[PDB]
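Visitor: First the structure, then my questions, so here it is.
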Amino acid sequence: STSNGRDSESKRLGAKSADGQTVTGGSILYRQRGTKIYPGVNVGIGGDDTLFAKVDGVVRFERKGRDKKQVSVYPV
Amino acid sequence: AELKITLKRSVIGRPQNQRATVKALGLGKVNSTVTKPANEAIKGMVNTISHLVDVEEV
Amino acid sequence: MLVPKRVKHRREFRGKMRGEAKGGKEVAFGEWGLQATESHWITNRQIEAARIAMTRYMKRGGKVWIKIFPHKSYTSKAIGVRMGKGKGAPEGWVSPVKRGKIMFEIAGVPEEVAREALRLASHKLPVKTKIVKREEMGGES
RNA sequence: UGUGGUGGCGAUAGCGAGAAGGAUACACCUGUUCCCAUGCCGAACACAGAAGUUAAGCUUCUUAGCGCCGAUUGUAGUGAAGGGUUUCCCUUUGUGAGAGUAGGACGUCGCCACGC
RNA sequence: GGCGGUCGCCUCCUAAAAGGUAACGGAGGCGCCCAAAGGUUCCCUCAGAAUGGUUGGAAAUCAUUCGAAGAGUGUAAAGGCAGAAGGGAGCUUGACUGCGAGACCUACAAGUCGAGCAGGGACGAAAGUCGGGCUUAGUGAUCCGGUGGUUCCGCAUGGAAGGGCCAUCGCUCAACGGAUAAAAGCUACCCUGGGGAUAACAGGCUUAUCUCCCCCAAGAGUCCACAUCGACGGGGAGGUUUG
RNA sequence: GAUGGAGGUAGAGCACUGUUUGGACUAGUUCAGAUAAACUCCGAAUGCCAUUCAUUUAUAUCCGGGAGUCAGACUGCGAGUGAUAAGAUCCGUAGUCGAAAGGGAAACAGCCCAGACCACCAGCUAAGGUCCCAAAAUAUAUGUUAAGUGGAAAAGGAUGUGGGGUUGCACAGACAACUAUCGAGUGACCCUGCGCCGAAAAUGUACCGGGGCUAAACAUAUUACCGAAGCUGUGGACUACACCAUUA
């Protein structure tokens, strides 16, 4: 006799490629709610905030001024 | 330079990375030995296994 | 009995004391302290019993500081009821105390009255205790 | 050099208090004819100007009251490896904070234009 | 076991700083809404407090000064947002058609993001942005039936009847991966197969409760805490009671 | 091992939201002190993702034939339900059992040590031990305990004993005792080692396994020995791979 007892399915959010890893065009980098991380050089934002590569290159997580983070992709 | 490494304890009852470290050095049974070069990687393996092992700088 | 007005949550977890006081380990407002040397839960009724005993002994008043507040609630089920359904109904309030915490303070009264009062307060409590004074800083009157 | 403009760097670049200045430039200031404007108002935005003034913005300089950047060594925690009752506590080995402090700090690097 | 509740989907805590993670564990929401509350171009900055002012009061509406956010964000909560995703004004229908390199999630079936190419457009001087809404709930396989299209087939031939392909409609099939188009009770009058995978006595473990023993001592006892009783509180033993 | 990174737990903090104690004040803001699972200005150890990297090591991936399993249990550690009860229940992480013989723990699935191809009347060790049952020290140096504590249990109580500190009063005479002298010391506090009381259950001593123990107990050091189907020695079987000259 309780009125709790329900939850929703987990969504598998987080980072999907690492710093210093080479990546092909279109590959997901980060799933989020809102911009915890921001898009940088050669990276796009999806409709529900996912971050993706536009170009093949290496992934680098950086610092955006004082309190924000960025992902960039740099081709060789 | 080199180190003689002798196995003095058993691997029953230990976790998996310690078993696999004893294997990566090439140590089979109790009192079997091995000789390796002195590196920063081999010293890390010896430091993970120190409670099971005797080491002599040779 | 002390009770918190307006809790945000009706039930909560209990653990995990793992003694060492985080906060007041020195006398702040009085001259004499009562410091717990074991870690345990301390309830509403134990505090009021100790306070009444401590004040009754000090004719001509003085002052007394209670430095321990019951923030966390209890729950419990009833006899004759099998395990299973959700948490019981809340019955009680407590504060966890860890070793080192000073719990009462007295002033305006010489040693022996203060020492007797702190002796009578400790027999009402489930912890071992010491009696401490303000020792030495840049200024202690 | 001085001033106008436009850029990098985590405010060590900021806030407040105080002083000074009009060479060109920047401003305030003066008007609504004409391009445009007010859910009322030429206040703003838009345009035509050049009487007046360094009072305000702007620039330079002093100031560590508020923010900001902060080590060192000590603790709290905790990888590995062991011991008592196992609620909890302890000993070796490695790692090590948050507070609290000694100190830093009243910016630094670059391009263009004009004047000296 | 029955009675009670629950059965799909979303957000938080549990959850041990990647992801994942139980319980008849602790808290809440959904089964839509908007022709603008969508696209795009310009412009704007909040909530309060203090001071004055006629009706007007604490608090309607005016003026100034402080004010990094203490507001708002269609709807729950978390994560985001003052280079706005918050708030005004003009023009509009991209709430487009054919698609799709590559990733994410995952037993399957499904679910999610996507640069870029082609056709034809909206807004803007341009650069450009636009395949609904700050993000994540607002949904239901297949079979069968209805409506519209079609350069497909059509049992000797020409038609027709009928079928296929494309677009869409008919679900509280809510026991929400959906048994059939269609479904409630009694057995003390009972039968077979299994299970100590599961309930009742006795045992075992545990000791909340119960019986007993204590510590402190306000008090009662005319005076006097302890002859006798012992408030508010605290600590144990036992294994006969209810669990 | 080195280098980079994503992320808010253990701390601990009060800037934000709840909960909260004292003081000054006034409108008629302030100074201090706490607290949290759904608080955060902060923030580890470890785990996780990578790398034309390094050193050792031998696996990993792809296609196909054949399965079995979908009741787990206890013990560290960290959480929920419970009463921070259960050999309880439900998750995470490591091991043993399951499917594991052998030594220790009296007897003992799951604890401590260790993984049995076979033969020996050979040797060295592990955990645990060395007075007799029962193999090996009636070992060595220095101390503590008198309670059979060792060999079950709390709040509280007490001139029991060991060690280290802080001091009041003492031969211009102390504390105690004696009326109305005496001729060395005497009180009061702190932390600490080991003991004492508190301590009552049902067939028969009846938790040292027994005898028995004043060390054959406890603390700190030191060296010998015993001890397993672990390792070594001598010989045999079977398999693989390198050697070797065909002969395997």
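Identifiers in this document derive from the order of the structure tokens: chains are assigned A, B, ..., residues are numbered from 1 separately in each chain, and ligands are numbered from 1 in order of occurrence.
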Mind dumping a table of every chain D residue within 12 Å of chain C, with the nearest atom pair and its distance in Å to one decimal, using only C-alpha atoms (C1' of nucleotides), sorted by chain and rising number, as a Markdown table?
Guide:
```
| residue | atom | partner | partner_atom | distance |
| --- | --- | --- | --- | --- |
| D:76 | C1' | C:20 | CA | 9.8 |
| D:87 | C1' | C:18 | CA | 9.6 |
| D:88 | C1' | C:18 | CA | 7.3 |
| D:89 | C1' | C:18 | CA | 9.9 |
```
Visitor: Counting only C-alpha atoms (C1' of nucleotides), give me one row per residue of chain F with an atom at most 12 Å from an atom of chain A, showing the shortest contact pair and its distance in Å to one decimal, sorted by chain then residue number, as CSV.
Guide:
```
residue,atom,partner,partner_atom,distance
F:3,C1',A:20,CA,10.5
F:4,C1',A:19,CA,6.8
F:5,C1',A:19,CA,5.1
F:6,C1',A:15,CA,6.1
F:7,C1',A:14,CA,8.6
F:48,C1',A:18,CA,10.9
F:49,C1',A:18,CA,5.5
F:50,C1',A:18,CA,5.5
F:51,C1',A:20,CA,7.1
F:52,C1',A:22,CA,11.8
```
Visitor: In terms of the shortest atom-to-atom distance over only C-alpha atoms (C1' of nucleotides), which of E:241, E:139, E:61, E:45 is closest to residue 31 of chain E?
Guide: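 For residue 31 of chain E, the nearest of the candidates is E:139.
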Visitor: Give me, as an NGL selection string, the contact residues of chain E against chain A at a cut-off of 10 Å, counting only C-alpha atoms (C1' of nucleotides).
Guide: :E and (4-6 or 9-12 or 18-20 or 23-28 or 78-81 or 85 or 101-105 or 112-116 or 134-137)
Visitor: Find the nearest atom pair between each residue of chain A and chain D for residues within 10 Å, count only C-alpha atoms (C1' of nucleotides), give distances in Å to one decimal, sort rows by chain and ascending number, and present the table as a Markdown table.
Guide:
```
| residue | atom | partner | partner_atom | distance |
| --- | --- | --- | --- | --- |
| A:63 | CA | D:10 | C1' | 9.0 |
| A:64 | CA | D:10 | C1' | 8.7 |
| A:65 | CA | D:10 | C1' | 5.4 |
| A:66 | CA | D:10 | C1' | 4.5 |
| A:67 | CA | D:10 | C1' | 8.1 |
```
Visitor: Take the residues from that selection and put them in a file with N, CA and C atoms, as a compact mmCIF listing (two decimals), in the first residue's frame.
Guide:
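Once written, part_11.txt looks like this:
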```txt
# COMPACT_ATOMS: atom_id res chain seq x y z
N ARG A 63 38.57 25.03 -22.79
CA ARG A 63 37.96 25.92 -21.81
C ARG A 63 37.54 27.21 -22.51
N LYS A 64 36.30 27.63 -22.30
CA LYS A 64 35.70 28.76 -23.00
C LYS A 64 35.67 29.95 -22.05
N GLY A 65 36.77 30.67 -22.00
CA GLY A 65 36.83 31.80 -21.10
C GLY A 65 36.96 31.33 -19.68
N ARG A 66 36.09 31.82 -18.81
CA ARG A 66 36.22 31.60 -17.38
C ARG A 66 35.46 30.38 -16.88
N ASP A 67 34.25 30.12 -17.39
CA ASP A 67 33.45 29.06 -16.80
C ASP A 67 32.72 28.17 -17.81
```
Visitor: Near chain D, meaning an atom within 10 Å, which residues of chain B appear when counting only C-alpha atoms (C1' of nucleotides)? Write them as a list in words.
Guide: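 Residues of chain B within 10 Å of chain D, counting only C-alpha atoms (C1' of nucleotides): residues 47, 48, 49, 50 and 51 of chain B.
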Visitor: Tell me, as an NGL selection string, which residues lie within 12 Å of residue 98 of chain E, counting only C-alpha atoms (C1' of nucleotides); anything in the same chain fewer than 3 positions away does not count.
Guide: :E and (117-120)
Visitor: Those same residues - N, CA, C and O atoms (P, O5', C5', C4', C3', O3' and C1' of nucleotides) - I'd like them written as a PDB file, in the first residue's frame.
Guide:
```pdb
ATOM      1  P     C E 117      26.002  21.510 -50.576  1.00  0.00           P
ATOM      2  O5'   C E 117      25.323  20.392 -51.484  1.00  0.00           O
ATOM      3  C5'   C E 117      26.071  19.644 -52.434  1.00  0.00           C
ATOM      4  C4'   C E 117      25.198  18.674 -53.196  1.00  0.00           C
ATOM      5  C3'   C E 117      24.001  19.264 -53.915  1.00  0.00           C
ATOM      6  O3'   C E 117      24.331  19.909 -55.128  1.00  0.00           O
ATOM      7  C1'   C E 117      23.347  17.297 -52.788  1.00  0.00           C
ATOM      8  P     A E 118      23.439  21.137 -55.644  1.00  0.00           P
ATOM      9  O5'   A E 118      22.079  20.465 -56.116  1.00  0.00           O
ATOM     10  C5'   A E 118      22.024  19.634 -57.260  1.00  0.00           C
ATOM     11  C4'   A E 118      20.628  19.125 -57.488  1.00  0.00           C
ATOM     12  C3'   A E 118      19.535  20.174 -57.564  1.00  0.00           C
ATOM     13  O3'   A E 118      19.457  20.817 -58.826  1.00  0.00           O
ATOM     14  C1'   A E 118      18.843  18.414 -56.169  1.00  0.00           C
ATOM     15  P     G E 119      18.652  22.194 -59.007  1.00  0.00           P
ATOM     16  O5'   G E 119      17.132  21.839 -58.683  1.00  0.00           O
ATOM     17  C5'   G E 119      16.299  21.159 -59.609  1.00  0.00           C
ATOM     18  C4'   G E 119      14.859  21.125 -59.152  1.00  0.00           C
ATOM     19  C3'   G E 119      14.209  22.464 -58.852  1.00  0.00           C
ATOM     20  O3'   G E 119      13.730  23.106 -60.019  1.00  0.00           O
ATOM     21  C1'   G E 119      13.722  20.930 -57.115  1.00  0.00           C
ATOM     22  P     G E 120      13.951  24.672 -60.260  1.00  0.00           P
ATOM     23  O5'   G E 120      12.918  25.370 -59.269  1.00  0.00           O
ATOM     24  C5'   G E 120      11.518  25.207 -59.435  1.00  0.00           C
ATOM     25  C4'   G E 120      10.746  25.436 -58.154  1.00  0.00           C
ATOM     26  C3'   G E 120      10.877  26.792 -57.471  1.00  0.00           C
ATOM     27  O3'   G E 120      10.113  27.830 -58.069  1.00  0.00           O
ATOM     28  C1'   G E 120      11.075  25.097 -55.859  1.00  0.00           C
TER      29        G E 120
END
```
Visitor: Restrict the distance test to only C-alpha atoms (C1' of nucleotides), flag each residue of chain C within 6 Å of chain E, and return the flagged residues as a PyMOL selection string.
Guide: chain C and resi 49+80+84-85+123-125
Visitor: Export N, CA, C and O atoms of the chosen residues as a PDB file, in the first residue's frame?
Guide:
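Printed below is part-v1.pdb as written:
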```
ATOM      1  N   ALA C  49      15.043  16.572  29.326  1.00  0.00           N
ATOM      2  CA  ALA C  49      15.377  16.033  30.642  1.00  0.00           C
ATOM      3  C   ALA C  49      16.690  16.614  31.158  1.00  0.00           C
ATOM      4  O   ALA C  49      16.776  17.085  32.303  1.00  0.00           O
ATOM      5  N   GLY C  80       2.826  -6.913  14.957  1.00  0.00           N
ATOM      6  CA  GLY C  80       1.874  -7.724  14.235  1.00  0.00           C
ATOM      7  C   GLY C  80       1.775  -7.455  12.752  1.00  0.00           C
ATOM      8  O   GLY C  80       0.817  -7.920  12.126  1.00  0.00           O
ATOM      9  N   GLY C  84       7.443  -5.706   4.091  1.00  0.00           N
ATOM     10  CA  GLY C  84       6.738  -5.355   2.886  1.00  0.00           C
ATOM     11  C   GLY C  84       6.580  -3.874   2.706  1.00  0.00           C
ATOM     12  O   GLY C  84       7.584  -3.183   2.559  1.00  0.00           O
ATOM     13  N   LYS C  85       5.347  -3.375   2.752  1.00  0.00           N
ATOM     14  CA  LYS C  85       4.976  -2.118   2.109  1.00  0.00           C
ATOM     15  C   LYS C  85       5.750  -0.918   2.654  1.00  0.00           C
ATOM     16  O   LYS C  85       6.551  -1.066   3.582  1.00  0.00           O
ATOM     17  N   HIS C 123      23.913  12.146  33.482  1.00  0.00           N
ATOM     18  CA  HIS C 123      23.232  10.896  33.790  1.00  0.00           C
ATOM     19  C   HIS C 123      21.912  10.745  33.049  1.00  0.00           C
ATOM     20  O   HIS C 123      21.286   9.691  33.157  1.00  0.00           O
ATOM     21  N   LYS C 124      21.459  11.765  32.330  1.00  0.00           N
ATOM     22  CA  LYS C 124      20.217  11.700  31.581  1.00  0.00           C
ATOM     23  C   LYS C 124      20.430  11.349  30.120  1.00  0.00           C
ATOM     24  O   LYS C 124      19.459  11.336  29.364  1.00  0.00           O
ATOM     25  N   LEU C 125      21.664  11.065  29.715  1.00  0.00           N
ATOM     26  CA  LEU C 125      22.128  11.022  28.340  1.00  0.00           C
ATOM     27  C   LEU C 125      22.813   9.702  28.027  1.00  0.00           C
ATOM     28  O   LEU C 125      23.373   9.062  28.920  1.00  0.00           O
TER      29      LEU C 125
END
```
Visitor: Identify every residue of chain B that has at least one atom within 7 Å of any atom of chain F, counting only C-alpha atoms (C1' of nucleotides), and report the result as a PyMOL selection string.
Guide: chain B and resi 13+15+24-25+30-31+39-42+44
Visitor: Among the residues of chain B, find those DSSP assigns to strand (DSSP E) from the backbone and print them as a PyMOL selection string.
Guide: chain B and resi 2-7+33-37+53-57
Visitor: Take the residues just selected and output them with C-alpha atoms as a PDB file, in the first residue's frame.
Guide:
```
ATOM      1  CA  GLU B   2      68.057  -6.358 -14.479  1.00  0.00           C
ATOM      2  CA  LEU B   3      65.969  -7.842 -11.691  1.00  0.00           C
ATOM      3  CA  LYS B   4      65.411 -11.413 -10.601  1.00  0.00           C
ATOM      4  CA  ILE B   5      61.768 -11.840  -9.589  1.00  0.00           C
ATOM      5  CA  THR B   6      60.710 -14.942  -7.649  1.00  0.00           C
ATOM      6  CA  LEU B   7      57.096 -15.872  -6.884  1.00  0.00           C
ATOM      7  CA  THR B  33      61.748 -17.059 -11.222  1.00  0.00           C
ATOM      8  CA  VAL B  34      62.111 -14.584 -14.071  1.00  0.00           C
ATOM      9  CA  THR B  35      64.623 -11.936 -15.119  1.00  0.00           C
ATOM     10  CA  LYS B  36      63.578  -8.642 -16.677  1.00  0.00           C
ATOM     11  CA  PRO B  37      65.134  -5.294 -17.556  1.00  0.00           C
ATOM     12  CA  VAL B  53      57.118 -11.381  -4.646  1.00  0.00           C
ATOM     13  CA  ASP B  54      60.814 -11.123  -3.797  1.00  0.00           C
ATOM     14  CA  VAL B  55      63.038  -8.848  -5.900  1.00  0.00           C
ATOM     15  CA  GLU B  56      66.837  -8.657  -6.131  1.00  0.00           C
ATOM     16  CA  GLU B  57      68.655  -5.972  -8.128  1.00  0.00           C
TER      17      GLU B  57
END
```
Visitor: With only C-alpha atoms (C1' of nucleotides) as the counted atoms, please give the residues lying no more than 8 Å from residue 34 of chain F, apart from itself and same-chain residues fewer than 3 positions off, as a PyMOL selection string.
Guide: (chain C and resi 23-24+67) or (chain F and resi 20-21)
Visitor: Kindly provide, as a PyMOL selection string, the residues of chain C having any atom no farther than 10 Å from an atom of chain F, counting only C-alpha atoms (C1' of nucleotides).
Guide: chain C and resi 4-9+11-17+22-24+27-29+65-72+75-77+83-87+95+123+126-128
Visitor: Write a file of the just-selected residues containing N, CA and C atoms, as a tab-separated table (two decimals), in the first residue's frame.
Guide:
```
chain	number	residue	atom	x	y	z
C	4	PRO	N	11.14	20.69	14.58
C	4	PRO	CA	11.31	21.64	13.48
C	4	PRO	C	9.96	22.03	12.91
C	5	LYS	N	9.72	23.33	12.79
C	5	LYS	CA	8.60	23.79	11.99
C	5	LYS	C	8.86	23.45	10.52
C	6	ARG	N	7.86	22.88	9.84
C	6	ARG	CA	7.83	22.86	8.38
C	6	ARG	C	9.04	22.13	7.79
C	7	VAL	N	9.00	20.80	7.84
C	7	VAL	CA	9.99	20.03	7.09
C	7	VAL	C	9.65	20.03	5.60
C	8	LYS	N	10.68	19.81	4.77
C	8	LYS	CA	10.50	19.71	3.33
C	8	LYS	C	10.20	18.29	2.89
C	9	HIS	N	10.66	17.29	3.63
C	9	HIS	CA	10.48	15.89	3.30
C	9	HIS	C	9.99	15.13	4.54
C	11	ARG	N	9.96	11.63	5.14
C	11	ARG	CA	10.86	10.56	5.55
C	11	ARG	C	12.26	10.80	5.01
C	12	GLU	N	13.25	10.11	5.59
C	12	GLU	CA	14.62	10.20	5.11
C	12	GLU	C	15.46	9.02	5.59
C	13	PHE	N	16.69	8.95	5.08
C	13	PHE	CA	17.65	7.93	5.47
C	13	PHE	C	18.18	8.21	6.88
C	14	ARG	N	18.91	7.25	7.44
C	14	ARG	CA	19.36	7.32	8.82
C	14	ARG	C	20.87	7.50	8.97
C	15	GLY	N	21.68	6.66	8.31
C	15	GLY	CA	23.11	6.56	8.58
C	15	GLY	C	23.86	7.84	8.31
C	16	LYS	N	25.18	7.87	8.44
C	16	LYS	CA	26.07	6.76	8.79
C	16	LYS	C	27.16	7.18	9.79
C	17	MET	N	26.80	7.66	10.98
C	17	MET	CA	27.55	8.66	11.75
C	17	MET	C	29.06	8.71	11.57
C	22	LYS	N	32.01	17.82	13.12
C	22	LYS	CA	32.36	18.77	12.08
C	22	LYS	C	32.32	20.21	12.57
C	23	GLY	N	31.53	20.50	13.60
C	23	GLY	CA	31.27	21.85	14.00
C	23	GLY	C	31.78	22.20	15.38
C	24	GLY	N	30.91	22.70	16.24
C	24	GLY	CA	31.36	23.31	17.47
C	24	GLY	C	32.04	22.37	18.42
C	27	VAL	N	34.04	26.02	23.31
C	27	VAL	CA	33.05	26.86	23.97
C	27	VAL	C	32.98	28.20	23.27
C	28	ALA	N	31.76	28.62	22.93
C	28	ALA	CA	31.54	29.86	22.20
C	28	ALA	C	30.95	30.97	23.04
C	29	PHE	N	29.95	30.68	23.86
C	29	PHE	CA	29.20	31.73	24.52
C	29	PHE	C	29.24	31.69	26.03
C	65	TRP	N	23.06	27.55	27.36
C	65	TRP	CA	22.99	27.49	25.90
C	65	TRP	C	22.85	26.04	25.46
C	66	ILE	N	21.75	25.71	24.81
C	66	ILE	CA	21.58	24.40	24.17
C	66	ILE	C	22.12	24.48	22.75
C	67	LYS	N	23.11	23.66	22.43
C	67	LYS	CA	23.83	23.78	21.17
C	67	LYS	C	23.66	22.55	20.28
C	68	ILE	N	22.51	21.89	20.37
C	68	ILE	CA	22.26	20.63	19.68
C	68	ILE	C	20.79	20.61	19.31
C	69	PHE	N	20.47	20.44	18.03
C	69	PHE	CA	19.08	20.56	17.61
C	69	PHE	C	18.64	19.34	16.80
C	70	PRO	N	17.49	18.77	17.11
C	70	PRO	CA	16.98	17.60	16.38
C	70	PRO	C	16.36	17.97	15.04
C	71	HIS	N	17.10	17.73	13.96
C	71	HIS	CA	16.65	18.04	12.62
C	71	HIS	C	16.03	16.85	11.89
C	72	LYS	N	16.39	15.62	12.26
C	72	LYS	CA	16.10	14.41	11.50
C	72	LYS	C	14.99	13.59	12.14
C	75	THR	N	11.06	6.93	11.80
C	75	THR	CA	9.82	6.26	11.43
C	75	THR	C	9.78	4.95	12.20
C	76	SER	N	8.61	4.32	12.21
C	76	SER	CA	8.51	2.98	12.76
C	76	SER	C	7.17	2.37	12.37
C	77	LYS	N	7.16	1.06	12.24
C	77	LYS	CA	5.97	0.26	12.00
C	77	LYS	C	5.43	-0.27	13.32
C	83	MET	N	6.71	-7.71	7.02
C	83	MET	CA	7.56	-6.87	6.20
C	83	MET	C	6.90	-6.64	4.84
C	84	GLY	N	7.44	-5.71	4.09
C	84	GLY	CA	6.74	-5.36	2.89
C	84	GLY	C	6.58	-3.87	2.71
C	85	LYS	N	5.35	-3.38	2.75
C	85	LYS	CA	4.98	-2.12	2.11
C	85	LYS	C	5.75	-0.92	2.65
C	86	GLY	N	5.52	0.26	2.09
C	86	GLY	CA	6.40	1.39	2.32
C	86	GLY	C	6.73	1.78	3.75
C	87	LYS	N	7.62	2.75	3.91
C	87	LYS	CA	8.08	3.14	5.23
C	87	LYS	C	6.92	3.38	6.18
C	95	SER	N	18.89	14.20	16.85
C	95	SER	CA	20.07	14.74	16.20
C	95	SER	C	21.25	13.78	16.36
C	123	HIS	N	23.91	12.15	33.48
C	123	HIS	CA	23.23	10.90	33.79
C	123	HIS	C	21.91	10.75	33.05
C	126	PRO	N	22.79	9.27	26.76
C	126	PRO	CA	23.40	7.99	26.39
C	126	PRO	C	24.86	8.06	25.95
C	127	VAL	N	25.60	9.10	26.30
C	127	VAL	CA	26.98	9.26	25.86
C	127	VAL	C	27.91	9.44	27.06
C	128	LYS	N	29.19	9.14	26.84
C	128	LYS	CA	30.26	9.54	27.75
C	128	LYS	C	30.67	10.98	27.48
```
Visitor: Considering only alpha helix (DSSP H) as DSSP defines it on the backbone, what residues of chain C qualify? List them as a compact mmCIF listing (two decimals) with N, CA, C and O atoms, in the first residue's frame.
Guide:
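Heads up, here's the output in result.txt:
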```txt
# COMPACT_ATOMS: atom_id res chain seq x y z
N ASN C 44 14.69 14.32 21.43
CA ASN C 44 13.95 15.39 22.09
C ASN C 44 13.91 15.23 23.60
O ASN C 44 14.23 16.16 24.35
N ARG C 45 13.44 14.07 24.07
CA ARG C 45 13.19 13.87 25.49
C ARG C 45 14.48 13.88 26.29
O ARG C 45 14.50 14.35 27.44
N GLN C 46 15.56 13.38 25.71
CA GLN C 46 16.82 13.38 26.43
C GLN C 46 17.32 14.81 26.64
O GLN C 46 17.82 15.14 27.73
N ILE C 47 17.14 15.67 25.64
CA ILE C 47 17.61 17.05 25.75
C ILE C 47 16.81 17.81 26.80
O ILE C 47 17.37 18.51 27.64
N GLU C 48 15.48 17.69 26.76
CA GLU C 48 14.64 18.39 27.73
C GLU C 48 14.89 17.89 29.15
O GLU C 48 14.94 18.68 30.09
N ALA C 49 15.04 16.57 29.33
CA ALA C 49 15.38 16.03 30.64
C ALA C 49 16.69 16.61 31.16
O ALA C 49 16.78 17.09 32.30
N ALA C 50 17.71 16.65 30.30
CA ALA C 50 18.99 17.22 30.72
C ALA C 50 18.87 18.70 31.05
O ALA C 50 19.43 19.17 32.05
N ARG C 51 18.12 19.45 30.25
CA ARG C 51 18.00 20.89 30.45
C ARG C 51 17.29 21.22 31.76
O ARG C 51 17.73 22.09 32.51
N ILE C 52 16.17 20.54 32.02
CA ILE C 52 15.44 20.75 33.27
C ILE C 52 16.33 20.45 34.46
O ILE C 52 16.38 21.22 35.43
N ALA C 53 17.04 19.32 34.42
CA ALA C 53 17.94 19.01 35.53
C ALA C 53 19.01 20.08 35.70
O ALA C 53 19.37 20.44 36.83
N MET C 54 19.53 20.61 34.60
CA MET C 54 20.62 21.57 34.70
C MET C 54 20.14 22.90 35.26
O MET C 54 20.83 23.52 36.08
N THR C 55 18.95 23.35 34.86
CA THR C 55 18.48 24.65 35.32
C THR C 55 17.97 24.61 36.75
O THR C 55 18.14 25.59 37.48
N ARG C 56 17.35 23.51 37.19
CA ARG C 56 16.77 23.46 38.52
C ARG C 56 17.82 23.65 39.61
O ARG C 56 17.52 24.21 40.67
N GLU C 111 32.44 27.69 39.91
CA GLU C 111 32.77 26.34 39.46
C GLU C 111 31.77 25.31 39.97
O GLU C 111 31.14 24.60 39.19
N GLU C 112 31.62 25.22 41.29
CA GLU C 112 31.00 24.04 41.86
C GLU C 112 29.54 23.91 41.45
O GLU C 112 29.04 22.80 41.26
N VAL C 113 28.83 25.03 41.32
CA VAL C 113 27.45 24.95 40.87
C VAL C 113 27.41 24.51 39.42
O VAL C 113 26.64 23.61 39.05
N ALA C 114 28.27 25.08 38.59
CA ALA C 114 28.37 24.68 37.19
C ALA C 114 28.80 23.22 37.06
O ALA C 114 28.24 22.48 36.24
N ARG C 115 29.77 22.78 37.86
CA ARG C 115 30.22 21.39 37.76
C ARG C 115 29.14 20.41 38.23
O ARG C 115 28.92 19.38 37.60
N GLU C 116 28.44 20.73 39.32
CA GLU C 116 27.36 19.86 39.76
C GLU C 116 26.25 19.80 38.73
O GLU C 116 25.69 18.72 38.48
N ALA C 117 25.89 20.93 38.12
CA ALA C 117 24.82 20.93 37.14
C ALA C 117 25.20 20.10 35.92
O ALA C 117 24.38 19.32 35.41
N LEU C 118 26.44 20.22 35.46
CA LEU C 118 26.86 19.42 34.31
C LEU C 118 26.99 17.95 34.67
O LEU C 118 26.88 17.09 33.78
N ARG C 119 27.23 17.63 35.94
CA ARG C 119 27.22 16.24 36.39
C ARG C 119 25.81 15.67 36.35
O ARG C 119 25.61 14.52 35.96
N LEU C 120 24.83 16.46 36.77
CA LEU C 120 23.46 15.96 36.79
C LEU C 120 22.88 15.83 35.38
O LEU C 120 22.03 14.97 35.16
N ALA C 121 23.33 16.66 34.43
CA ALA C 121 22.83 16.54 33.07
C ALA C 121 23.31 15.28 32.37
O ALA C 121 22.60 14.73 31.53
N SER C 122 24.50 14.78 32.71
CA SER C 122 25.07 13.68 31.95
C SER C 122 24.44 12.33 32.28
O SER C 122 24.45 11.44 31.43
```
Visitor: Enter the distance from atom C1' of residue 40 of chain F to atom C1' of residue 11 of chain F, in Å, rounded to one decimal.
Guide: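 These two atoms are separated by 13.6 Å.
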